[PDB]
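> Before I ask anything, here is the structure I am working with.
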Amino acid sequence: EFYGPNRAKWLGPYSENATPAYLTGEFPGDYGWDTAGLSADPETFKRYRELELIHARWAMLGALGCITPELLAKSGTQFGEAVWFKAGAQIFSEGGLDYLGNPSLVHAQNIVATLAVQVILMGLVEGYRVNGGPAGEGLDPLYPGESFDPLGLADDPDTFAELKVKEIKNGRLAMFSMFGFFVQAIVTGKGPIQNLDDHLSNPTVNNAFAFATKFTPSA
Amino acid sequence: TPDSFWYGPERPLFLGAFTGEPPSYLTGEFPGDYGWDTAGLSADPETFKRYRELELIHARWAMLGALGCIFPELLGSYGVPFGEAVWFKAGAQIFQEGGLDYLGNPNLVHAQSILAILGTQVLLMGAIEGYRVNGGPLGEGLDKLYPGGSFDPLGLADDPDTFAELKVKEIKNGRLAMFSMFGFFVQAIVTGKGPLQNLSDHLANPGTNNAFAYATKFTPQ
Amino acid sequence: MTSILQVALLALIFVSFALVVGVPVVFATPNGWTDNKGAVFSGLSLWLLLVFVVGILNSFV
Amino acid sequence: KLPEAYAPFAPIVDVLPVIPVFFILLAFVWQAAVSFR
Amino acid sequence: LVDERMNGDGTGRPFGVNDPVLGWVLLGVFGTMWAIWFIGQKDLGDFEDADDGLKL
Amino acid sequence: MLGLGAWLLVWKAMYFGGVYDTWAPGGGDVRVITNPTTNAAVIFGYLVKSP
Amino acid sequence: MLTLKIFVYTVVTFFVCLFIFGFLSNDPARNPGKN
Amino acid sequence: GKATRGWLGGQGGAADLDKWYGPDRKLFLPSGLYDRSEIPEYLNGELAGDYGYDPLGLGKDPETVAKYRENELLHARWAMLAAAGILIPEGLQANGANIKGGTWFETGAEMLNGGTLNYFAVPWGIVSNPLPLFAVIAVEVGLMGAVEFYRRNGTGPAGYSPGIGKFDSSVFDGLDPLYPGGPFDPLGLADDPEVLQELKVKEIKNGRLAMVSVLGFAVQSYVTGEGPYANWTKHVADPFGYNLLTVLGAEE
Ligand code: CHL
Ligand code: CHL
Ligand code: CHL
Ligand SMILES: CCCCCCCCCCCCCCCCCC(=O)OC[C@H](CO[C@@H]1O[C@H](CO[C@H]2O[C@H](CO)[C@H](O)[C@H](O)[C@H]2O)[C@H](O)[C@H](O)[C@H]1O)OC(=O)CCCCCCCCCCCCCCCCC
Ligand code: CLA
Ligand SMILES: CC(=C/C=C/C(C)=C/C=C/C=C(C)/C=C/C=C(\C)C=C=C1C(C)(C)C[C@H](O)C[C@@]1(C)O)/C=C/[C@@]12O[C@]1(C)C[C@@H](O)CC2(C)C
Ligand SMILES: CC1=C[C@H](O)CC(C)(C)[C@H]1/C=C/C(C)=C/C=C/C(C)=C/C=C/C=C(C)/C=C/C=C(C)/C=C/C1=C(C)C[C@H](O)CC1(C)C
């Protein structure tokens, strides 16, 4: 499965007729779901897959990155700020930004120098991803190869065509979960692990319906 | 097409040396083609045309909007007695007691009714946006974007090389304004002040009047 | 360590008066630079030797 | 004044400012040596 | 206050301007003379070239 | 090379002991200038001032 | 006297701008020499 | 094979080999002091780091020079870790990471009889090492007994416990001495030899000042009694009041 006609589907068994023609099953994650008809063009359907995969890979680093400064707070490690969305303003703090509870680490003080180094470093590695760089030029734009896969996992292409499906399915989970973290911090105002503990405290009373009357127009 | 440095395969690109090659349908014969369609919205040739009227009219409104939002605000700081000089607080000048006096001068326009302003805006903007689509007394069968004729009185667009050069200047001055007029919206929601009041404060202390002093403004609370 | 310094500093002026006079004579003679190439390097380095030698014992004086 | 390990060299240092004037006078000496070719 | 005057000699105002109409006079005359020069640049030779000055 | 040489005066006035500030109270002396006035309206006010 | 000061600034910056934009207009090729 | 791209521009590969190899190459003196006839004929432009600098004629023929390359390269690579091994714990000692013995010359005196040497891992944290002194020696003589012997024989163990899993359960013979490229290059860096031919120029040059730096580390520690990070910081505190020629007469 996961390729060809007989594969997993977005409606499961009730899905043999909603699948369009152009979503055949040569690509990873091809569950045949284009209900709003966005990728009816072969060039454009090629183009969204770079957008989906890169969003998938940034979200997998966004999911774990928003979690580990709060799980380590549950191990009693002092941070100055452990909540993921309040974490950015700790360079305005008096001690500044230390990488853990260690003022002998990075000890960042100036926000504008931290941003300006980013726009040079991230400014060039995103350019290497497009055209080419020190780690190779004429490669696959999404699965480039050897310097980013040192461990040789991209061999035996039946495994390699299967590890791709592992990649986006973890990834599509992560993009869905990072859309979680935004909303559950806009509406509640607390962290994800903290509001996980709020639901595991009393699940019947601690749901989104406890905040359902929040955004009403009070005029 | 001549050797005009903006049209054709040697044209400059939106990432410089790191662009490589543009998409296969952006071949460089339309103004402002730096080859940036990394989401591929305009792969269809009929669809790609429809964004160019959609881009250029947005440019020809934003360039009026960029000058129009600061020029009463600039003169307001030099003693011209406006009701409000700030662009996003100037729409509510119809609700004050003296009406909307143009230039702060009571013997000018002196508008009173917001319905009468809107009642004659629609009856005019319907006709001239109606004339822009087709017809109209100033030209019958012309271009949808560069009509010329009575819309080029000074004759500035006659030579086919100079007119192909000034189309590159029009869209780049346009894309400068649309990006900047987007900036007026965000730094008025955030800062709450007029856009030169933001400028005269950043010139006061640049280290502390940057945008990061407003970074914790929308904290969930 | 005063008199150690003064003999070393009288030695500097004698070497400098050689290098002020002899070194343009070495250059402006025909093939004089290909001949006395290692000769000038002795006189130049001994100038660089003494200037630190005078320079170090100023802490001791 | 000069340091005390340096004070026996005050008569030499009172010549040193006049030296760059003698470089422009040298350039007329050298041009007389080539006899103004 | 027997008389009314400028009171502006020891003030050190920039370019001597004190009324903001002077800044528009300083700038508006400048832009107009620039505008006539920029239009008439078409006659002054086109040195869009590698090296095309009054060289030697 | 002529821009870096301007910084040597800045570094010596802010880190390396400072310079002689003759407007110090009770007769001028050496002062480390901690807070340099870097306002562009203040700095460029001298250049377009009348002589 | 303000009416007079706004007039001198129009006069001076007229003639100062004929100067500056005059020498820019390819003066070093306004010579009788030939090449 | 490795179609790569330049860092800033749009072309990668070797910049120029002709600056560093062949007859025309950088020398220890410019052209006006040192022509091309004063070059010792056992030094030609065919090895990295060859500026022709040899006033004392220690080398005779390139076969003799080649075994001193073994003494040159191995003295380099052990020194390059030492410069990081000295400076990095002292700054962490300075900022607040309690090494308790980060300064390099009195490190062993901190771990004599009570042991309890403390190790800081970035960014994992601080870990105390409860090993005694005699345990460290039997490990060190045990490992570098084996490690130096593996370079002596030319072959070594086939198993890849040491940090690699690229499946070579065999010995290796056809390698270059002084360039063991087989197991020791996990991240590639091996396709275009012209790239490696420039990388080895960077390798010896980064190495040679590291040998100088350890010599600079030891002497200026002996003179004033500081680690070199403490020497670096206080010379930047005030340079004229703290240099070489103010510490020799500090007692007066
Ligand atoms: C046969 C049963 C079956 C059903 C009914 C579905 C249904 C769905 N699957 Mg599928 N699946 C099913 C079997 C299977 N699916 C899958 C594998 C997948 C995958 C990988 C995915 C899906 C997805 C979807 C969704 C596509 C449509 C959508 O996005 O709705 C969205 C719209 C609604 C659900 C309606 C609105 C929400 C809510 C009910 C309304 C309530 C309103 C609020 C209370 C308040 C409103 C807020 C206001 C106030 C501001 C849909 C929920 C996609 C998905 O997960 O989308 C997120 C998707 O990625 N399925 C497998 C494995 C082979 C199946 C096995 O049988
Ligand atoms: C051309 C577009 C246009 C825009 C962007 C605005 C915007 C505004 N008007 Mg205005 N108007 C516009 C046309 C007109 N207005 C008026 C008559 C008035 C009056 C009487 C008043 C305003 C007021 C306002 C301000 C509301 C304060 C605010 O939004 O908070 C700050 C937030 C922002 C500025 C962000 C806004 C950006 C916007 C959401 C996105 C822009 C895209 C729009 C959806 C496109 C709109 C065009 C559509 C209708 C085709 C705001 C600046 C009020 C005011 O004066 O405020 C004190 C007010 O009292 N307008 C007339 C005559 C009928 C117009 C003619 O077309
Ligand atoms: C402005 C105040 C400021 C100061 C005084 C420092 C100083 C420090 N930074 Mg930090 N940083 C500062 C802000 C920032 N840093 C960084 C990015 C980093 C990185 C990537 C690293 C540091 C490291 C360090 C620590 C050196 C560790 C050591 O023992 O030496 C060991 C190093 C040497 C002996 C050689 C380098 C000497 C020198 C201390 C330079 C290191 C500092 C920074 C690169 C920037 C220089 C700051 C200036 C003002 C001193 C030390 C606490 C290092 C660290 O985290 O180690 C635990 C490190 O790797 N900083 C950014 C983003 C650009 C900052 C912006 O606000
Ligand atoms: C208390 C405060 C008081 C403040 C007082 C104000 C003081 C201001 C001081 C400013 C001092 C600057 C003086 C030097 C300017 C030098 C300009 C120049 O050498 O200029 C040289 C260049 C030449 O440009 C080139 O000109 C070329 C001309 O080509 C033409 O000509 C070519 C051959 O000549 C070919 O023939 C070609 O076909 C043809 O098209 C092309 O157009 C090029 O694209 C173009 O880059 O000009 C340019 O880049 C000019 C770029 C800068 C322009 C600045 C304009 C500023 C305007 C401010 C707002 C004024 C408002 C005015 C309103 C008026 C109405 C009231
Ligand atoms: C304006 C300065 C200047 C310039 C542009 C040059 C340019 C050149 N020199 Mg000359 N030279 C200069 C000053 C200058 N030199 C000085 C001051 C000396 C006396 C030491 C010499 C002595 C000299 C010799 C003897 C030779 C050259 C040679 C050369 C050629 C380059 C080869 C080379 O690496 O140089 C060699 C010089 C060095 C490698 C000097 C080391 C690098 C220094 C230390 C860098 C420090 C810069 C630093 C910012 C200075 C601080 C500024 C201020 C505070 C003093 C080139 C034509 C060579 C040549 O032409 O070949 C025939 C040659 O043989 N130069
Ligand atoms: C200078 C230095 C040298 C290290 C050398 C090493 C690691 C050798 C490994 C050496 C590893 C060794 C000897 C392991 C050997 C295991 C062996 C042979 C086991 C085995 C077998 C058998 C027996 C079953 C037999 C079979 O047929 C082959 C094989 C292979 O399967 C380290 C310095 C630092 O560690 C400090 C001191 C401080 C840090 O802060 C900084 C750094 C730099 C990291
Ligand atoms: C398919 C389809 C089909 C049909 O046809 C149509 C439709 C329906 C339309 C479609 C759908 C779609 C969708 C659903 C989408 C979604 C997406 C997403 C959500 C993404 C995310 C995405 C997301 C993402 C990336 C994210 C990321 C993140 C990150 C990095 C983070 C970072 C961070 C961290 C670390 C921490 C700190 O403290 C801070 C921060 C900074 C915060």
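Naming scheme: A, B, ... for chains in displayed order of the structure tokens; residues 1 onward per chain; ligands 1 onward as shown.
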Taking only C-alpha atoms and all ligand atoms into account, which residues have an atom no farther than 10 Å from ligand 7? I'd like them as a PyMOL selection string.
chain A and resi 31-40+48+51-69+81-89+171-182
> Would you mind writing down, as a PyMOL selection string, each residue of chain D that DSSP on the backbone assigns to helix (DSSP H, G or I)?
chain D and resi 7-13+16-18+21-33
> Excluding stretch 12-17 of chain F and any residue of its chain fewer than 6 positions from it, enumerate the residues within 9 Å of it, using only C-alpha atoms, and give them as a tab-separated table (two decimals) with C-alpha atoms, in the first residue's frame.

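Here's the written file selection_19.tsv:
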chain	number	residue	atom	x	y	z
F	30	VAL	CA	40.36	63.20	32.80
F	31	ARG	CA	36.87	61.80	32.28
F	32	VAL	CA	35.70	58.54	30.74
F	33	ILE	CA	32.88	59.66	28.46
F	34	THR	CA	30.31	56.97	29.22
F	35	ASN	CA	27.37	58.39	27.24
F	36	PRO	CA	28.31	59.76	23.80
H	237	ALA	CA	41.40	45.94	29.81
H	238	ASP	CA	44.26	48.39	29.36
H	239	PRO	CA	46.97	47.56	26.84
> Hey, which residues come within 6 Å of ligand 3 if we count only C-alpha atoms and all ligand atoms? Could you give them as a list in words?
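Sorted by chain and then by number, the residues are residues 104, 105, 106, 107, 108, 109, 110, 111, 113 and 114 of chain A; 87, 88, 91, 92 and 95 of chain H.
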> Determine, for each residue of chain A having at least one atom at most 10 Å from an atom of ligand 1, the closest pair of atoms and their separation in Å to one decimal, counting only C-alpha atoms and all ligand atoms; order by chain and ascending number, as JSON lines.

{"residue": "A:2", "atom": "CA", "partner": "ligand 1", "partner_atom_place_in_ligand_line": "63 (C)", "distance": 9.3}
{"residue": "A:7", "atom": "CA", "partner": "ligand 1", "partner_atom_place_in_ligand_line": "63 (C)", "distance": 7.8}
{"residue": "A:8", "atom": "CA", "partner": "ligand 1", "partner_atom_place_in_ligand_line": "63 (C)", "distance": 4.1}
{"residue": "A:9", "atom": "CA", "partner": "ligand 1", "partner_atom_place_in_ligand_line": "63 (C)", "distance": 4.5}
{"residue": "A:10", "atom": "CA", "partner": "ligand 1", "partner_atom_place_in_ligand_line": "60 (N)", "distance": 3.5}
{"residue": "A:11", "atom": "CA", "partner": "ligand 1", "partner_atom_place_in_ligand_line": "12 (C)", "distance": 3.8}
{"residue": "A:12", "atom": "CA", "partner": "ligand 1", "partner_atom_place_in_ligand_line": "66 (O)", "distance": 3.4}
{"residue": "A:13", "atom": "CA", "partner": "ligand 1", "partner_atom_place_in_ligand_line": "66 (O)", "distance": 5.7}
{"residue": "A:14", "atom": "CA", "partner": "ligand 1", "partner_atom_place_in_ligand_line": "1 (C)", "distance": 5.7}
{"residue": "A:15", "atom": "CA", "partner": "ligand 1", "partner_atom_place_in_ligand_line": "1 (C)", "distance": 8.1}
{"residue": "A:29", "atom": "CA", "partner": "ligand 1", "partner_atom_place_in_ligand_line": "20 (C)", "distance": 8.1}
{"residue": "A:30", "atom": "CA", "partner": "ligand 1", "partner_atom_place_in_ligand_line": "20 (C)", "distance": 9.4}
{"residue": "A:31", "atom": "CA", "partner": "ligand 1", "partner_atom_place_in_ligand_line": "20 (C)", "distance": 7.0}
{"residue": "A:32", "atom": "CA", "partner": "ligand 1", "partner_atom_place_in_ligand_line": "19 (C)", "distance": 9.8}
{"residue": "A:33", "atom": "CA", "partner": "ligand 1", "partner_atom_place_in_ligand_line": "26 (C)", "distance": 7.7}
{"residue": "A:34", "atom": "CA", "partner": "ligand 1", "partner_atom_place_in_ligand_line": "26 (C)", "distance": 9.8}
{"residue": "A:35", "atom": "CA", "partner": "ligand 1", "partner_atom_place_in_ligand_line": "27 (C)", "distance": 8.3}
{"residue": "A:169", "atom": "CA", "partner": "ligand 1", "partner_atom_place_in_ligand_line": "20 (C)", "distance": 7.6}
{"residue": "A:172", "atom": "CA", "partner": "ligand 1", "partner_atom_place_in_ligand_line": "59 (O)", "distance": 7.4}
{"residue": "A:173", "atom": "CA", "partner": "ligand 1", "partner_atom_place_in_ligand_line": "59 (O)", "distance": 8.5}
{"residue": "A:176", "atom": "CA", "partner": "ligand 1", "partner_atom_place_in_ligand_line": "57 (C)", "distance": 7.6}
{"residue": "A:208", "atom": "CA", "partner": "ligand 1", "partner_atom_place_in_ligand_line": "44 (C)", "distance": 9.3}
{"residue": "A:209", "atom": "CA", "partner": "ligand 1", "partner_atom_place_in_ligand_line": "44 (C)", "distance": 8.7}
{"residue": "A:212", "atom": "CA", "partner": "ligand 1", "partner_atom_place_in_ligand_line": "49 (C)", "distance": 7.9}
{"residue": "A:213", "atom": "CA", "partner": "ligand 1", "partner_atom_place_in_ligand_line": "49 (C)", "distance": 9.4}
{"residue": "A:215", "atom": "CA", "partner": "ligand 1", "partner_atom_place_in_ligand_line": "49 (C)", "distance": 9.2}
{"residue": "A:216", "atom": "CA", "partner": "ligand 1", "partner_atom_place_in_ligand_line": "49 (C)", "distance": 9.7}
> Mind writing the picked residues with N, CA, C and O atoms as a compact mmCIF listing (two decimals), in the first residue's frame?

# COMPACT_ATOMS: atom_id res chain seq x y z
N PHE A 2 0.18 2.40 0.17
CA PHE A 2 0.66 3.78 0.09
C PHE A 2 1.13 4.19 -1.31
O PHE A 2 1.64 5.30 -1.47
N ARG A 7 -4.29 1.92 -1.85
CA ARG A 7 -3.47 2.65 -0.89
C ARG A 7 -4.39 3.16 0.20
O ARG A 7 -5.61 2.98 0.14
N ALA A 8 -3.80 3.80 1.20
CA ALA A 8 -4.61 4.45 2.21
C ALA A 8 -5.28 5.69 1.62
O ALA A 8 -4.76 6.32 0.70
N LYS A 9 -6.47 6.01 2.14
CA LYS A 9 -7.23 7.13 1.61
C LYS A 9 -7.75 8.02 2.73
O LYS A 9 -7.86 7.61 3.88
N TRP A 10 -8.11 9.25 2.35
CA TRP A 10 -8.57 10.24 3.30
C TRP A 10 -10.01 10.01 3.73
O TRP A 10 -10.45 10.64 4.70
N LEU A 11 -10.75 9.14 3.05
CA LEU A 11 -12.03 8.67 3.55
C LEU A 11 -12.03 7.17 3.76
O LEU A 11 -13.08 6.60 4.07
N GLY A 12 -10.88 6.52 3.61
CA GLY A 12 -10.76 5.10 3.83
C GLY A 12 -11.49 4.30 2.77
O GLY A 12 -11.21 4.41 1.58
N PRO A 13 -12.44 3.47 3.21
CA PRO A 13 -13.18 2.66 2.25
C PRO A 13 -14.16 3.46 1.42
O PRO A 13 -14.48 3.06 0.30
N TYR A 14 -14.62 4.59 1.94
CA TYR A 14 -15.64 5.40 1.28
C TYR A 14 -15.02 6.47 0.40
O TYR A 14 -15.36 7.65 0.49
N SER A 15 -14.09 6.06 -0.45
CA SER A 15 -13.22 7.03 -1.10
C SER A 15 -12.84 6.69 -2.54
O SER A 15 -11.92 7.32 -3.07
N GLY A 29 2.47 10.50 0.34
CA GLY A 29 1.34 11.18 0.93
C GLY A 29 0.19 11.45 0.00
O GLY A 29 -0.64 12.30 0.29
N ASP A 30 0.12 10.72 -1.11
CA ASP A 30 -0.91 10.96 -2.11
C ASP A 30 -2.16 10.21 -1.68
O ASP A 30 -2.47 9.11 -2.14
N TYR A 31 -2.92 10.83 -0.78
CA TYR A 31 -4.18 10.25 -0.34
C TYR A 31 -5.35 10.67 -1.20
O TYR A 31 -6.48 10.25 -0.91
N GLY A 32 -5.13 11.46 -2.24
CA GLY A 32 -6.18 11.82 -3.16
C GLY A 32 -7.20 12.77 -2.56
O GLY A 32 -8.40 12.51 -2.63
N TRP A 33 -6.72 13.86 -1.98
CA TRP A 33 -7.59 14.83 -1.32
C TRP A 33 -7.30 16.22 -1.88
O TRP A 33 -6.41 16.92 -1.40
N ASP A 34 -8.06 16.59 -2.90
CA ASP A 34 -8.03 17.92 -3.50
C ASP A 34 -9.47 18.39 -3.66
O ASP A 34 -9.94 18.66 -4.77
N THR A 35 -10.20 18.37 -2.54
CA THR A 35 -11.62 18.73 -2.51
C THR A 35 -11.89 20.11 -3.09
O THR A 35 -12.95 20.33 -3.69
N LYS A 169 4.17 11.95 6.97
CA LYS A 169 3.09 11.60 7.88
C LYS A 169 3.40 12.06 9.29
O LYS A 169 2.51 12.53 10.00
N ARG A 172 2.95 16.00 8.45
CA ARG A 172 1.58 16.50 8.42
C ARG A 172 0.94 16.46 9.80
O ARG A 172 0.06 17.27 10.09
N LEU A 173 1.38 15.53 10.65
CA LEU A 173 1.01 15.58 12.05
C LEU A 173 1.56 16.83 12.72
O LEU A 173 0.87 17.47 13.52
N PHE A 176 -0.15 20.07 11.72
CA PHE A 176 -1.43 20.08 12.40
C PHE A 176 -1.26 20.41 13.87
O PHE A 176 -2.08 21.12 14.45
N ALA A 208 -12.24 23.14 25.56
CA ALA A 208 -12.37 24.41 24.87
C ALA A 208 -13.73 25.05 25.10
O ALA A 208 -13.85 26.27 24.95
N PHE A 209 -14.74 24.27 25.48
CA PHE A 209 -16.04 24.86 25.78
C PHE A 209 -16.03 25.66 27.07
O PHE A 209 -16.96 26.44 27.30
N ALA A 212 -15.46 28.92 25.48
CA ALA A 212 -16.22 29.09 24.25
C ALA A 212 -16.89 30.45 24.17
O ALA A 212 -17.07 30.99 23.08
N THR A 213 -17.27 31.02 25.31
CA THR A 213 -17.92 32.32 25.35
C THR A 213 -16.93 33.46 25.52
O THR A 213 -17.33 34.56 25.91
N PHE A 215 -14.72 34.99 23.13
CA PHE A 215 -14.53 35.94 22.04
C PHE A 215 -15.84 36.56 21.58
O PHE A 215 -15.91 37.01 20.43
N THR A 216 -16.85 36.60 22.44
CA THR A 216 -18.13 37.18 22.06
C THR A 216 -18.01 38.69 21.90
O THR A 216 -17.18 39.33 22.54
